[PDB]
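S.K.: Following this line is structure-v6.pdb, made up of PDB, C-alpha atoms:
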ATOM      1  CA  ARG A   1       0.000   0.000   0.000  1.00  0.00           C
ATOM      2  CA  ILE A   2       2.922   2.495   0.646  1.00  0.00           C
ATOM      3  CA  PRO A   3       6.351   1.309  -0.601  1.00  0.00           C
ATOM      4  CA  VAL A   4       9.799   3.032  -0.483  1.00  0.00           C
ATOM      5  CA  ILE A   5      10.061   6.264  -2.649  1.00  0.00           C
ATOM      6  CA  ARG A   6      13.823   6.403  -3.513  1.00  0.00           C
ATOM      7  CA  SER A   7      14.067  10.201  -3.889  1.00  0.00           C
ATOM      8  CA  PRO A   8      17.563  11.912  -3.544  1.00  0.00           C
ATOM      9  CA  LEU A   9      16.905  13.682  -0.420  1.00  0.00           C
ATOM     10  CA  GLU A  10      18.675  14.322   2.674  1.00  0.00           C
ATOM     11  CA  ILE A  11      17.620  16.091   6.041  1.00  0.00           C
ATOM     12  CA  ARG A  12      19.863  19.186   7.267  1.00  0.00           C
ATOM     13  CA  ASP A  13      19.595  19.663  10.889  1.00  0.00           C
ATOM     14  CA  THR A  14      21.369  22.832  12.083  1.00  0.00           C
ATOM     15  CA  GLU A  15      21.554  24.618  15.414  1.00  0.00           C
ATOM     16  CA  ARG A  16      20.687  27.768  13.432  1.00  0.00           C
ATOM     17  CA  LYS A  17      17.503  26.829  11.441  1.00  0.00           C
ATOM     18  CA  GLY A  18      16.473  23.389  12.785  1.00  0.00           C
ATOM     19  CA  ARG A  19      15.557  20.630  10.269  1.00  0.00           C
ATOM     20  CA  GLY A  20      14.662  20.849   6.572  1.00  0.00           C
ATOM     21  CA  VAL A  21      14.589  18.571   3.520  1.00  0.00           C
ATOM     22  CA  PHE A  22      17.135  19.317   0.770  1.00  0.00           C
ATOM     23  CA  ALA A  23      17.832  17.944  -2.714  1.00  0.00           C
ATOM     24  CA  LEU A  24      21.031  15.922  -3.135  1.00  0.00           C
ATOM     25  CA  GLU A  25      20.760  15.947  -6.974  1.00  0.00           C
ATOM     26  CA  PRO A  26      18.430  17.593  -9.563  1.00  0.00           C
ATOM     27  CA  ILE A  27      14.782  16.467  -9.441  1.00  0.00           C
ATOM     28  CA  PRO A  28      12.307  16.796 -12.309  1.00  0.00           C
ATOM     29  CA  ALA A  29       9.017  18.672 -12.044  1.00  0.00           C
ATOM     30  CA  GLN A  30       5.965  16.649 -10.933  1.00  0.00           C
ATOM     31  CA  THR A  31       7.965  13.884  -9.297  1.00  0.00           C
ATOM     32  CA  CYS A  32       6.438  12.203  -6.246  1.00  0.00           C
ATOM     33  CA  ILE A  33       9.198  12.610  -3.651  1.00  0.00           C
ATOM     34  CA  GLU A  34       7.447  11.316  -0.442  1.00  0.00           C
ATOM     35  CA  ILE A  35       4.361   9.426   0.690  1.00  0.00           C
ATOM     36  CA  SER A  36       3.795  10.072   4.408  1.00  0.00           C
ATOM     37  CA  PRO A  37       1.429   7.902   6.437  1.00  0.00           C
ATOM     38  CA  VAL A  38      -0.704  10.063   8.716  1.00  0.00           C
ATOM     39  CA  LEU A  39      -1.381   9.838  12.441  1.00  0.00           C
ATOM     40  CA  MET A  40      -5.008  10.937  12.826  1.00  0.00           C
ATOM     41  CA  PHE A  41      -6.462  12.847  15.779  1.00  0.00           C
ATOM     42  CA  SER A  42     -10.204  13.107  16.318  1.00  0.00           C
ATOM     43  CA  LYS A  43     -11.632  16.623  16.379  1.00  0.00           C
ATOM     44  CA  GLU A  44     -12.380  16.380  20.067  1.00  0.00           C
ATOM     45  CA  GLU A  45      -8.929  15.149  21.196  1.00  0.00           C
ATOM     46  CA  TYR A  46      -7.231  17.825  19.082  1.00  0.00           C
ATOM     47  CA  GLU A  47      -9.522  20.596  20.187  1.00  0.00           C
ATOM     48  CA  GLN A  48      -9.286  19.629  23.825  1.00  0.00           C
ATOM     49  CA  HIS A  49      -5.652  18.660  23.995  1.00  0.00           C
ATOM     50  CA  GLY A  50      -3.630  18.162  20.766  1.00  0.00           C
ATOM     51  CA  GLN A  51      -3.735  21.848  19.800  1.00  0.00           C
ATOM     52  CA  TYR A  52      -2.075  22.847  23.080  1.00  0.00           C
ATOM     53  CA  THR A  53       1.080  20.916  22.208  1.00  0.00           C
ATOM     54  CA  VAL A  54       3.756  21.232  19.604  1.00  0.00           C
ATOM     55  CA  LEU A  55       1.426  19.191  17.366  1.00  0.00           C
ATOM     56  CA  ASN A  56      -0.048  22.625  16.546  1.00  0.00           C
ATOM     57  CA  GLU A  57       3.005  23.515  14.553  1.00  0.00           C
ATOM     58  CA  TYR A  58       2.866  20.487  12.193  1.00  0.00           C
ATOM     59  CA  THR A  59      -0.633  19.093  11.690  1.00  0.00           C
ATOM     60  CA  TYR A  60      -2.823  19.240   8.642  1.00  0.00           C
ATOM     61  CA  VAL A  61      -6.576  19.853   8.951  1.00  0.00           C
ATOM     62  CA  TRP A  62      -8.532  16.585   7.763  1.00  0.00           C
ATOM     63  CA  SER A  63     -12.154  15.671   7.037  1.00  0.00           C
ATOM     64  CA  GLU A  64     -14.765  16.321   9.712  1.00  0.00           C
ATOM     65  CA  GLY A  65     -12.578  18.518  11.857  1.00  0.00           C
ATOM     66  CA  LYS A  66      -9.988  15.739  12.384  1.00  0.00           C
ATOM     67  CA  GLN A  67      -6.354  16.625  12.321  1.00  0.00           C
ATOM     68  CA  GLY A  68      -3.498  14.596  10.837  1.00  0.00           C
ATOM     69  CA  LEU A  69       0.246  14.508  11.611  1.00  0.00           C
ATOM     70  CA  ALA A  70       2.369  13.477   8.788  1.00  0.00           C
ATOM     71  CA  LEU A  71       4.890  10.820   9.557  1.00  0.00           C
ATOM     72  CA  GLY A  72       7.749   9.863   7.177  1.00  0.00           C
ATOM     73  CA  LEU A  73       9.292  13.153   5.916  1.00  0.00           C
ATOM     74  CA  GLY A  74       6.154  15.150   5.695  1.00  0.00           C
ATOM     75  CA  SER A  75       6.486  17.101   8.955  1.00  0.00           C
ATOM     76  CA  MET A  76      10.037  18.043   7.968  1.00  0.00           C
ATOM     77  CA  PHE A  77       9.344  20.196   4.868  1.00  0.00           C
ATOM     78  CA  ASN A  78       9.510  23.866   5.878  1.00  0.00           C
ATOM     79  CA  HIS A  79       7.033  26.496   4.747  1.00  0.00           C
ATOM     80  CA  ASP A  80       7.994  29.125   2.235  1.00  0.00           C
ATOM     81  CA  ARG A  81       6.406  31.892   0.241  1.00  0.00           C
ATOM     82  CA  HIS A  82       7.709  30.439  -3.046  1.00  0.00           C
ATOM     83  CA  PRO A  83       7.208  26.728  -2.488  1.00  0.00           C
ATOM     84  CA  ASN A  84       8.610  24.106  -4.798  1.00  0.00           C
ATOM     85  CA  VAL A  85       6.628  21.205  -3.420  1.00  0.00           C
ATOM     86  CA  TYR A  86       2.882  20.744  -3.396  1.00  0.00           C
ATOM     87  CA  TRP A  87       0.795  17.866  -1.676  1.00  0.00           C
ATOM     88  CA  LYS A  88      -2.262  15.738  -1.981  1.00  0.00           C
ATOM     89  CA  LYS A  89      -4.206  14.298   0.722  1.00  0.00           C
ATOM     90  CA  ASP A  90      -5.633  10.698   0.535  1.00  0.00           C
ATOM     91  CA  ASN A  91      -8.585  10.194   2.847  1.00  0.00           C
ATOM     92  CA  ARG A  92      -9.173   6.479   1.990  1.00  0.00           C
ATOM     93  CA  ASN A  93      -5.554   5.286   2.605  1.00  0.00           C
ATOM     94  CA  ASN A  94      -4.508   7.942   5.246  1.00  0.00           C
ATOM     95  CA  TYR A  95      -1.517   9.466   3.675  1.00  0.00           C
ATOM     96  CA  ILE A  96      -0.178  12.585   2.163  1.00  0.00           C
ATOM     97  CA  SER A  97       1.875  12.569  -1.050  1.00  0.00           C
ATOM     98  CA  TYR A  98       4.346  15.166  -1.944  1.00  0.00           C
ATOM     99  CA  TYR A  99       5.395  16.233  -5.293  1.00  0.00           C
ATOM    100  CA  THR A 100       7.774  18.786  -6.957  1.00  0.00           C
ATOM    101  CA  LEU A 101       6.201  21.915  -8.523  1.00  0.00           C
ATOM    102  CA  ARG A 102       9.174  22.461 -10.847  1.00  0.00           C
ATOM    103  CA  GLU A 103      12.708  21.278 -11.497  1.00  0.00           C
ATOM    104  CA  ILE A 104      14.745  21.293  -8.350  1.00  0.00           C
ATOM    105  CA  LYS A 105      18.427  21.999  -8.409  1.00  0.00           C
ATOM    106  CA  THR A 106      20.938  20.276  -6.132  1.00  0.00           C
ATOM    107  CA  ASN A 107      21.236  21.863  -2.669  1.00  0.00           C
ATOM    108  CA  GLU A 108      17.816  23.507  -2.896  1.00  0.00           C
ATOM    109  CA  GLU A 109      15.546  23.280   0.136  1.00  0.00           C
ATOM    110  CA  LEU A 110      12.191  21.495  -0.518  1.00  0.00           C
ATOM    111  CA  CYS A 111       9.461  23.716   0.904  1.00  0.00           C
ATOM    112  CA  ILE A 112       5.687  23.691   0.967  1.00  0.00           C
ATOM    113  CA  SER A 113       3.110  26.488   1.142  1.00  0.00           C
ATOM    114  CA  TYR A 114       2.126  28.063   4.480  1.00  0.00           C
ATOM    115  CA  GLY A 115      -1.472  27.321   3.506  1.00  0.00           C
ATOM    116  CA  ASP A 116      -3.534  24.294   4.220  1.00  0.00           C
ATOM    117  CA  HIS A 117      -6.638  23.179   2.401  1.00  0.00           C
ATOM    118  CA  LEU A 118      -9.351  20.580   2.636  1.00  0.00           C
ATOM    119  CA  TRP A 119      -9.904  18.548  -0.473  1.00  0.00           C
ATOM    120  CA  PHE A 120      -8.766  15.046  -1.199  1.00  0.00           C
ATOM    121  CA  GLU A 121      -7.344  13.450  -4.330  1.00  0.00           C
ATOM    122  CA  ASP A 122      -9.714  10.474  -3.780  1.00  0.00           C
ATOM    123  CA  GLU A 123     -13.070  12.518  -3.632  1.00  0.00           C
TER     124      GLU A 123
ATOM    125  CA  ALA B   1      35.228  27.126  21.702  1.00  0.00           C
ATOM    126  CA  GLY B   2      33.737  25.727  18.528  1.00  0.00           C
ATOM    127  CA  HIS B   3      30.771  26.539  16.325  1.00  0.00           C
ATOM    128  CA  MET B   4      27.144  25.656  15.917  1.00  0.00           C
ATOM    129  CA  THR B   5      26.242  22.116  14.943  1.00  0.00           C
ATOM    130  CA  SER B   6      25.298  21.053  11.404  1.00  0.00           C
ATOM    131  CA  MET B   7      24.262  17.590  10.228  1.00  0.00           C
ATOM    132  CA  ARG B   8      23.230  16.058   6.901  1.00  0.00           C
ATOM    133  CA  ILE B   9      21.359  12.830   7.475  1.00  0.00           C
ATOM    134  CA  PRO B  10      20.428  10.269   4.782  1.00  0.00           C
ATOM    135  CA  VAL B  11      16.954   9.389   4.067  1.00  0.00           C
ATOM    136  CA  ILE B  12      17.642   5.630   4.180  1.00  0.00           C
ATOM    137  CA  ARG B  13      15.911   3.943   1.260  1.00  0.00           C
ATOM    138  CA  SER B  14      15.414   0.484   2.634  1.00  0.00           C
ATOM    139  CA  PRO B  15      13.218  -1.968   0.721  1.00  0.00           C
ATOM    140  CA  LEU B  16      10.288  -1.666   3.099  1.00  0.00           C
ATOM    141  CA  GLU B  17       6.576  -1.186   2.690  1.00  0.00           C
ATOM    142  CA  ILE B  18       3.663  -0.181   4.896  1.00  0.00           C
ATOM    143  CA  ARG B  19       0.712  -2.474   4.910  1.00  0.00           C
ATOM    144  CA  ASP B  20      -2.433  -2.811   6.923  1.00  0.00           C
ATOM    145  CA  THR B  21      -2.577  -5.916   9.179  1.00  0.00           C
ATOM    146  CA  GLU B  22      -5.748  -7.586  10.515  1.00  0.00           C
ATOM    147  CA  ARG B  23      -5.001  -7.423  14.177  1.00  0.00           C
ATOM    148  CA  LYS B  24      -2.473  -4.598  14.651  1.00  0.00           C
ATOM    149  CA  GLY B  25      -3.275  -1.856  12.092  1.00  0.00           C
ATOM    150  CA  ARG B  26      -0.407  -0.634   9.968  1.00  0.00           C
ATOM    151  CA  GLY B  27       2.888  -2.358   9.925  1.00  0.00           C
ATOM    152  CA  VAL B  28       6.187  -2.370   8.114  1.00  0.00           C
ATOM    153  CA  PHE B  29       7.121  -5.250   5.793  1.00  0.00           C
ATOM    154  CA  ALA B  30      10.225  -6.376   3.783  1.00  0.00           C
ATOM    155  CA  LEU B  31      10.066  -6.280   0.008  1.00  0.00           C
ATOM    156  CA  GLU B  32      13.282  -8.305  -0.234  1.00  0.00           C
ATOM    157  CA  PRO B  33      15.668  -9.992   2.161  1.00  0.00           C
ATOM    158  CA  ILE B  34      17.713  -7.823   4.497  1.00  0.00           C
ATOM    159  CA  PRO B  35      20.944  -8.782   6.244  1.00  0.00           C
ATOM    160  CA  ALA B  36      21.274  -8.826  10.001  1.00  0.00           C
ATOM    161  CA  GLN B  37      22.685  -5.776  11.714  1.00  0.00           C
ATOM    162  CA  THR B  38      21.596  -3.509   8.812  1.00  0.00           C
ATOM    163  CA  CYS B  39      20.499   0.065   9.694  1.00  0.00           C
ATOM    164  CA  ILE B  40      17.003   0.289   8.067  1.00  0.00           C
ATOM    165  CA  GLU B  41      15.803   3.627   9.398  1.00  0.00           C
ATOM    166  CA  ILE B  42      16.980   6.792  11.182  1.00  0.00           C
ATOM    167  CA  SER B  43      13.863   8.620  12.506  1.00  0.00           C
ATOM    168  CA  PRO B  44      13.842  12.284  13.605  1.00  0.00           C
ATOM    169  CA  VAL B  45      11.995  12.620  16.853  1.00  0.00           C
ATOM    170  CA  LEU B  46       9.408  15.269  17.562  1.00  0.00           C
ATOM    171  CA  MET B  47       9.832  15.991  21.277  1.00  0.00           C
ATOM    172  CA  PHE B  48       7.103  16.746  23.807  1.00  0.00           C
ATOM    173  CA  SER B  49       8.028  18.402  27.126  1.00  0.00           C
ATOM    174  CA  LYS B  50       7.039  16.672  30.331  1.00  0.00           C
ATOM    175  CA  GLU B  51       4.517  19.388  31.017  1.00  0.00           C
ATOM    176  CA  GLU B  52       2.650  19.373  27.618  1.00  0.00           C
ATOM    177  CA  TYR B  53       2.651  15.605  27.602  1.00  0.00           C
ATOM    178  CA  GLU B  54       1.277  15.318  31.144  1.00  0.00           C
ATOM    179  CA  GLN B  55      -1.322  18.084  30.643  1.00  0.00           C
ATOM    180  CA  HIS B  56      -2.400  17.354  27.069  1.00  0.00           C
ATOM    181  CA  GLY B  57      -0.444  14.898  25.014  1.00  0.00           C
ATOM    182  CA  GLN B  58      -1.121  11.727  27.050  1.00  0.00           C
ATOM    183  CA  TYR B  59      -4.829  12.283  26.600  1.00  0.00           C
ATOM    184  CA  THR B  60      -4.491  11.855  22.818  1.00  0.00           C
ATOM    185  CA  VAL B  61      -3.618   9.052  20.518  1.00  0.00           C
ATOM    186  CA  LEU B  62       0.055  10.174  20.911  1.00  0.00           C
ATOM    187  CA  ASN B  63       0.016   8.053  23.969  1.00  0.00           C
ATOM    188  CA  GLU B  64      -0.031   4.937  21.765  1.00  0.00           C
ATOM    189  CA  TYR B  65       3.019   5.942  19.781  1.00  0.00           C
ATOM    190  CA  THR B  66       5.480   7.847  21.873  1.00  0.00           C
ATOM    191  CA  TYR B  67       8.812   6.602  23.334  1.00  0.00           C
ATOM    192  CA  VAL B  68       9.792   7.577  26.879  1.00  0.00           C
ATOM    193  CA  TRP B  69      12.725  10.049  26.862  1.00  0.00           C
ATOM    194  CA  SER B  70      14.829  11.663  29.602  1.00  0.00           C
ATOM    195  CA  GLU B  71      13.338  13.953  32.202  1.00  0.00           C
ATOM    196  CA  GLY B  72       9.680  12.960  31.680  1.00  0.00           C
ATOM    197  CA  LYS B  73       9.789  13.961  27.963  1.00  0.00           C
ATOM    198  CA  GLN B  74       8.147  11.841  25.267  1.00  0.00           C
ATOM    199  CA  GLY B  75       9.349  11.470  21.706  1.00  0.00           C
ATOM    200  CA  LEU B  76       7.328  10.740  18.691  1.00  0.00           C
ATOM    201  CA  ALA B  77       9.341   9.044  15.974  1.00  0.00           C
ATOM    202  CA  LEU B  78       8.780  10.562  12.530  1.00  0.00           C
ATOM    203  CA  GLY B  79      10.112   8.664   9.526  1.00  0.00           C
ATOM    204  CA  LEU B  80       9.000   4.915   9.937  1.00  0.00           C
ATOM    205  CA  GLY B  81       9.664   4.676  13.645  1.00  0.00           C
ATOM    206  CA  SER B  82       6.035   4.997  14.744  1.00  0.00           C
ATOM    207  CA  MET B  83       4.916   2.474  12.080  1.00  0.00           C
ATOM    208  CA  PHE B  84       6.646  -0.647  13.518  1.00  0.00           C
ATOM    209  CA  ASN B  85       4.382  -3.003  15.427  1.00  0.00           C
ATOM    210  CA  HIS B  86       5.410  -4.400  18.743  1.00  0.00           C
ATOM    211  CA  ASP B  87       5.959  -8.172  19.039  1.00  0.00           C
ATOM    212  CA  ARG B  88       7.110 -10.698  21.646  1.00  0.00           C
ATOM    213  CA  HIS B  89       9.671 -12.039  19.135  1.00  0.00           C
ATOM    214  CA  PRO B  90      11.111  -8.837  17.615  1.00  0.00           C
ATOM    215  CA  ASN B  91      13.403  -8.849  14.605  1.00  0.00           C
ATOM    216  CA  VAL B  92      14.429  -5.132  14.901  1.00  0.00           C
ATOM    217  CA  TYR B  93      16.122  -3.297  17.721  1.00  0.00           C
ATOM    218  CA  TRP B  94      16.447   0.460  18.204  1.00  0.00           C
ATOM    219  CA  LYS B  95      18.803   2.940  19.802  1.00  0.00           C
ATOM    220  CA  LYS B  96      18.013   6.459  20.958  1.00  0.00           C
ATOM    221  CA  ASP B  97      20.459   9.295  20.159  1.00  0.00           C
ATOM    222  CA  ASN B  98      20.034  11.487  23.200  1.00  0.00           C
ATOM    223  CA  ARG B  99      22.438  14.089  21.855  1.00  0.00           C
ATOM    224  CA  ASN B 100      20.576  14.784  18.600  1.00  0.00           C
ATOM    225  CA  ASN B 101      16.905  13.330  19.029  1.00  0.00           C
ATOM    226  CA  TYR B 102      16.866  10.546  16.580  1.00  0.00           C
ATOM    227  CA  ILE B 103      16.088   6.879  16.819  1.00  0.00           C
ATOM    228  CA  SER B 104      17.989   4.394  14.642  1.00  0.00           C
ATOM    229  CA  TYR B 105      16.521   0.940  13.793  1.00  0.00           C
ATOM    230  CA  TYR B 106      18.678  -2.170  12.986  1.00  0.00           C
ATOM    231  CA  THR B 107      17.725  -5.711  11.985  1.00  0.00           C
ATOM    232  CA  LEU B 108      18.517  -8.318  14.682  1.00  0.00           C
ATOM    233  CA  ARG B 109      18.768 -11.191  12.121  1.00  0.00           C
ATOM    234  CA  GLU B 110      18.279 -11.641   8.394  1.00  0.00           C
ATOM    235  CA  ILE B 111      14.813 -10.693   7.317  1.00  0.00           C
ATOM    236  CA  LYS B 112      12.845 -12.628   4.701  1.00  0.00           C
ATOM    237  CA  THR B 113      10.813 -11.276   1.864  1.00  0.00           C
ATOM    238  CA  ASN B 114       7.377 -10.419   3.276  1.00  0.00           C
ATOM    239  CA  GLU B 115       8.324 -10.687   6.882  1.00  0.00           C
ATOM    240  CA  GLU B 116       6.869  -7.981   9.141  1.00  0.00           C
ATOM    241  CA  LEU B 117       9.534  -5.926  10.882  1.00  0.00           C
ATOM    242  CA  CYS B 118       8.711  -5.588  14.596  1.00  0.00           C
ATOM    243  CA  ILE B 119      10.259  -4.062  17.660  1.00  0.00           C
ATOM    244  CA  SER B 120       9.543  -4.632  21.344  1.00  0.00           C
TER     245      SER B 120
END
Rewrite the structure of this file - the entire thing - as structure tokens.

M.R.:
Amino acid sequence: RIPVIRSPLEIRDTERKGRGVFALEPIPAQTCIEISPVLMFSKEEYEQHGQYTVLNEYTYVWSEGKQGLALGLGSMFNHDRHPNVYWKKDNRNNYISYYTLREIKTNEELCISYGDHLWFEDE
Amino acid sequence: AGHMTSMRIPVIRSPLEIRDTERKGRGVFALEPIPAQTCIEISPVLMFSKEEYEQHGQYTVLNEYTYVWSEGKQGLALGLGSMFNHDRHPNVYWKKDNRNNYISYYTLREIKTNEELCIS
């Protein structure tokens, strides 16, 4: 259901800027670089408790007021105003897939939008 | 003396897959054999303070996934580390890096195609 995606990625973890995902070699546009299984929180447990933790910084809104944390590499992409990675949520199989918006050059950070949204590729 | 730290960590591309299991929910399975003592995953840990875990985090489904850490902290393994089922006869062991907040996972023995990789 979710096998290894052998993308040329590494994680940089610096005292300065924390963690981020960076390209080891060039990557073509529209390449699936990550499929993250999601840890799902019910609306009530997130509203009552989850939102008061560091979860708040990483989760993705989900259907019916649920809230998902992306496992795999998904929580490691930083947010940027000019993102080069976009995502798709899968409600049936509980994952999020990441893709490149354009050609990525080596040493570029992979970054997603600050924005969230609620539609699913499977709907 | 010295400077700020800086690490570049591989995303280990082990031949592993996530599948749903009947009894235990999602689990991690081998797509091909794997030698013993092979590093199959290095998971970044998202850390919860003692206080946010005791007040909030333990009341959520985090409670089912986190690893006890020093000083009443709890770590949630990102990467594949939260996806391994627990088993009485594990074929994977882990080590915590307390300096950097990672967990590394290594095969205890050779793994067969289609075997489920489990920790204790």

S.K.: Run the PyMOL selection byres ((chain A and resi 61) around 12) mentally over the shown coordinates, then write out the matched residues as a ChimeraX atom specification, using the chain letters and numbers from the document.

M.R.: /A:38-43,46-47,51,55-60,62-70,89,91,96,115-120

S.K.: Give the residues of chain B that lie within 9 Å of chain A; count only C-alpha atoms, and format the answer as a ChimeraX atom specification.

M.R.: /B:4-20,31,43-44,46-49,52-53,55-62,77-83

S.K.: Could you dump the residues just selected with C-alpha atoms as a PDB file, in the frame of the given file?

M.R.:
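That gives us out.pdb:
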ATOM      1  CA  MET B   4      27.144  25.656  15.917  1.00  0.00           C
ATOM      2  CA  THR B   5      26.242  22.116  14.943  1.00  0.00           C
ATOM      3  CA  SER B   6      25.298  21.053  11.404  1.00  0.00           C
ATOM      4  CA  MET B   7      24.262  17.590  10.228  1.00  0.00           C
ATOM      5  CA  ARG B   8      23.230  16.058   6.901  1.00  0.00           C
ATOM      6  CA  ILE B   9      21.359  12.830   7.475  1.00  0.00           C
ATOM      7  CA  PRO B  10      20.428  10.269   4.782  1.00  0.00           C
ATOM      8  CA  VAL B  11      16.954   9.389   4.067  1.00  0.00           C
ATOM      9  CA  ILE B  12      17.642   5.630   4.180  1.00  0.00           C
ATOM     10  CA  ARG B  13      15.911   3.943   1.260  1.00  0.00           C
ATOM     11  CA  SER B  14      15.414   0.484   2.634  1.00  0.00           C
ATOM     12  CA  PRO B  15      13.218  -1.968   0.721  1.00  0.00           C
ATOM     13  CA  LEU B  16      10.288  -1.666   3.099  1.00  0.00           C
ATOM     14  CA  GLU B  17       6.576  -1.186   2.690  1.00  0.00           C
ATOM     15  CA  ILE B  18       3.663  -0.181   4.896  1.00  0.00           C
ATOM     16  CA  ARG B  19       0.712  -2.474   4.910  1.00  0.00           C
ATOM     17  CA  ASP B  20      -2.433  -2.811   6.923  1.00  0.00           C
ATOM     18  CA  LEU B  31      10.066  -6.280   0.008  1.00  0.00           C
ATOM     19  CA  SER B  43      13.863   8.620  12.506  1.00  0.00           C
ATOM     20  CA  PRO B  44      13.842  12.284  13.605  1.00  0.00           C
ATOM     21  CA  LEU B  46       9.408  15.269  17.562  1.00  0.00           C
ATOM     22  CA  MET B  47       9.832  15.991  21.277  1.00  0.00           C
ATOM     23  CA  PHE B  48       7.103  16.746  23.807  1.00  0.00           C
ATOM     24  CA  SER B  49       8.028  18.402  27.126  1.00  0.00           C
ATOM     25  CA  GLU B  52       2.650  19.373  27.618  1.00  0.00           C
ATOM     26  CA  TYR B  53       2.651  15.605  27.602  1.00  0.00           C
ATOM     27  CA  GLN B  55      -1.322  18.084  30.643  1.00  0.00           C
ATOM     28  CA  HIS B  56      -2.400  17.354  27.069  1.00  0.00           C
ATOM     29  CA  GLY B  57      -0.444  14.898  25.014  1.00  0.00           C
ATOM     30  CA  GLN B  58      -1.121  11.727  27.050  1.00  0.00           C
ATOM     31  CA  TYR B  59      -4.829  12.283  26.600  1.00  0.00           C
ATOM     32  CA  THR B  60      -4.491  11.855  22.818  1.00  0.00           C
ATOM     33  CA  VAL B  61      -3.618   9.052  20.518  1.00  0.00           C
ATOM     34  CA  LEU B  62       0.055  10.174  20.911  1.00  0.00           C
ATOM     35  CA  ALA B  77       9.341   9.044  15.974  1.00  0.00           C
ATOM     36  CA  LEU B  78       8.780  10.562  12.530  1.00  0.00           C
ATOM     37  CA  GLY B  79      10.112   8.664   9.526  1.00  0.00           C
ATOM     38  CA  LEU B  80       9.000   4.915   9.937  1.00  0.00           C
ATOM     39  CA  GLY B  81       9.664   4.676  13.645  1.00  0.00           C
ATOM     40  CA  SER B  82       6.035   4.997  14.744  1.00  0.00           C
ATOM     41  CA  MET B  83       4.916   2.474  12.080  1.00  0.00           C
TER      42      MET B  83
END

S.K.: Enclose range 96-114 of chain B, meaning all of its atoms listed in the file, in a box aligned along x, y and z, pad it by 8 Å on each side, and list the centre and edge lengths in Å to one decimal, as lines of an AutoDock Vina configuration file.

M.R.:
center_x = 14.9
center_y = 1.1
center_z = 12.5
size_x = 31.1
size_y = 43.4
size_z = 37.3

S.K.: Selected by the PyMOL selection byres ((chain A and resi 114) around 8) in the shown coordinates: which residues, as a ChimeraX atom specification?

M.R.: /A:79-81,112-113,115-116

S.K.: Quick one: pull the distance between CA of residue 24 in chain B and CA of residue 109 in chain B, Å, one decimal.

M.R.: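 Straight-line distance from CA of residue 24 in chain B to CA of residue 109 in chain B works out to 22.4 Å.
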
S.K.: Rank nothing, just name the residue among B:101, B:120, B:74, B:112 nearest to residue 87 in chain B, using only C-alpha atoms.

M.R.: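 Closest residue, counting only C-alpha atoms: B:120.
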
S.K.: Could you spell out the hits of the PyMOL selection byres ((chain B and resi 92) around 10) on the shown file, as a VMD selection string?

M.R.: chain B and resid 36 to 40 84 86 to 87 89 to 91 93 to 94 105 to 111 116 to 120

S.K.: Please measure the separation of CA of residue 50 in chain B and CA of residue 64 in chain B, giving the value in Å to one decimal.

M.R.: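 Taking CA of residue 50 in chain B and CA of residue 64 in chain B, their separation equals 16.2 Å.
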
S.K.: So that I can check the surroundings of residue 111 in chain A, please list as a PDB file with C-alpha atoms, in the frame of the given file every protein, DNA and RNA residue that reaches within 7 Å of it, counting only C-alpha atoms and ignoring chain neighbours fewer than 6 positions away.

M.R.:
ATOM      1  CA  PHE A  77       9.344  20.196   4.868  1.00  0.00           C
ATOM      2  CA  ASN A  78       9.510  23.866   5.878  1.00  0.00           C
ATOM      3  CA  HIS A  79       7.033  26.496   4.747  1.00  0.00           C
ATOM      4  CA  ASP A  80       7.994  29.125   2.235  1.00  0.00           C
ATOM      5  CA  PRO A  83       7.208  26.728  -2.488  1.00  0.00           C
ATOM      6  CA  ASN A  84       8.610  24.106  -4.798  1.00  0.00           C
ATOM      7  CA  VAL A  85       6.628  21.205  -3.420  1.00  0.00           C
TER       8      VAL A  85
END

S.K.: Point out the residue among A:30, A:103, A:94, A:110 with the least atom-to-atom distance to residue 82 in chain A, counting all atoms listed in the file.

M.R.: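 Closest to residue 82 in chain A, using all atoms listed in the file: A:110.
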
S.K.: Expressed in Å to a single decimal, how great is the separation between CA of residue 29 in chain B and CA of residue 25 in chain A?

M.R.: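 Pair CA of residue 29 in chain B / CA of residue 25 in chain A returns 28.3 Å.
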
S.K.: Set the distance at 7 Å and use all atoms listed in the file: which residues neighbour residue 35 in chain A once local chain neighbours fewer than 6 positions away are removed? I'd like the list as a list in words.

M.R.: residues 95, 96, 97 and 98 of chain A

S.K.: Near residue 30 in chain B, within 6 Å and counting only C-alpha atoms, which residues show up once chain neighbours fewer than 3 positions away are dropped, as a VMD selection string?

M.R.: chain B and resid 16 113 to 115
